[PDB]
Each structure stands twice: as C-alpha cells, then as structure tokens.
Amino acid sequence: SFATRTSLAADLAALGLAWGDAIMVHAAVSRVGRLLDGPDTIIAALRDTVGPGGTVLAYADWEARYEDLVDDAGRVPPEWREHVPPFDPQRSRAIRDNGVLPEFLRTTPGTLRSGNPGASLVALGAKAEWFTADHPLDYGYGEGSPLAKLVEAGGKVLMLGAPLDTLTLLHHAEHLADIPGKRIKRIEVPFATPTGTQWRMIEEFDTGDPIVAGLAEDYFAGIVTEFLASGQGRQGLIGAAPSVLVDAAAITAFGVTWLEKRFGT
C-alpha cells in the first residue's frame, strides 16, 4: 500500500541501475503508485541505488511563459522587455510539462543547474559540477553539452513510467545526425547578471518538433521500441510503473544511425 525508498531502490537495482552510475530520470510520478515521501521517494531511491559516487540528473528546461510574445526574429517587443523575468540558474523554476520531479530535484539541497535555460539539466551527486558546467548557449543539445557529457561518462537514462518519446537525450542524437533539412529555432533570452538583465539571441536545432520533416511528433518512442526490440536496454517495474533503462551512449548511437539510415547519404 506504500512504496518506500527501500522498495524502489530494490526495484531499481533489479532493473540494472548500478553503484556509481550517472542516471538521468524521466518520471511519471503518478504511475509509480503511493509513495511514502512523495516524489522525493524516487530521488532518494535513485541516490541509494547509485551510492554517493553516483549522480542523479533530470531535464529541467525553464518555465518561461513569454515565448507567446516574440516577433518574427524571435525578439521580445520593447513594451514587454522589462517585464520578462530573466533566467537565473539557481532561482528559475524547472518546467512543468513533463512532471514535477525535475523541479523537486532542482530544489533538493546540493543540486546544481546548468546555464543554458531551455536545455538546462539539474544534477545531484559526485559529478554534479562537471555535468552542469559550461553549457553552451547555442546548440545546447550538442557538443560539450550536459547530454554529451552523459554519453561521455557512460551514463544511463531511466524512463520511469514516462512516455518513451520524452527521452530528451535523443535530441542530442538529432543534433549529431548528418541529415539535411534540420529545422532551426532562434529566440531571444533574458539572462540575470550582477549588472542587470542582459539579452542574448539563442540558436539551436528546434526540439519542439522532429528535427526534420516526414516524422511523427512522437517518433522518439518508436526509436526506443526498436532499440529494446534489438536486444539492448532493460524493461521492468519500478514500483507500479513500467520502466525502461537504457545506456546513454548506445541509445545515442542507435538514434543517430536510425536518422542517417532514413534521411542521410
């Protein structure tokens, strides 16, 4: 009748989560069942399973409701500029679109938050420094990004009952894919500085839709499904939530190959 940090940690180990791992989690908290400590049960269970040498990560993004106001160049009209709350990595909230866990992780003491607002990750544990450091402001899903560092460190991604098309790391595969017609997003972003608000234009491949035309909006889920069908990754219950645990490097390489086989040369 109550899942605990102990029972979830047992389920996470059974799924394959290992001591010392860097684990990025996408959680559908309601699907886990009744939790004794609410969403913090999940965070605590992940820390217990990877141990103090491990790191727990989540896709933070930022709640920035102002995008409904920008013009044709992605710039904020002058009458609205000073009313837009600037981005502060330590104070700006994580987005709500994909659940409350990223914000809960962000407000856990010790958690660090990377500097690219729309692509920001939160990290808590031994490698939090490094995972959140020097997030490039342009093409924040590409080289030198926290997602790239997750691949480089041999990290893992856990879909904890979350829809499989919300696996943020596959946007890093989209960035790396050598294919034509990649869609681009440009938008002005306000940053909080010790001297005041500083505006900057951000450019990246658009992650609000598939990177190229001819793909269903939810096509990431099919890539993960084919990934599991090929004998890679693990499936199992975390609490009451059907969950998927995949290797970050392997799913990235699989995603890049998937796109280059259908749209490259």
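Just count from 1 along the sequence shown to find any residue number.
For the pair 32 to 40 and 219 to 227, the mean Cα B-factor is higher in 32 to 40. Set 48 to 56 against 66 to 74 and average the Cα temperature factors; 66 to 74 ends up higher. Highest C-alpha temperature factor among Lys149, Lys156, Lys182, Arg93, as the PDB entry reports it: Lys182. Highest CA B-factor among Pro194, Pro190, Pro109, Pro102, as stated in the entry: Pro194. Among all modelled residues in this chain, the alpha-carbon of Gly118 has a temperature factor (C-alpha) in the lowest third. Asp61: CA B factor lies in the lowest third for its chain, per the PDB record.
Per-chain ranking of the deposited C-alpha B factor places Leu176 in the highest third. In the PDB entry, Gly144 places in the highest third of its chain by CA B-factor. When the CA B factors of the chain's modelled residues are split into thirds, the value for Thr265 lands in the highest one.
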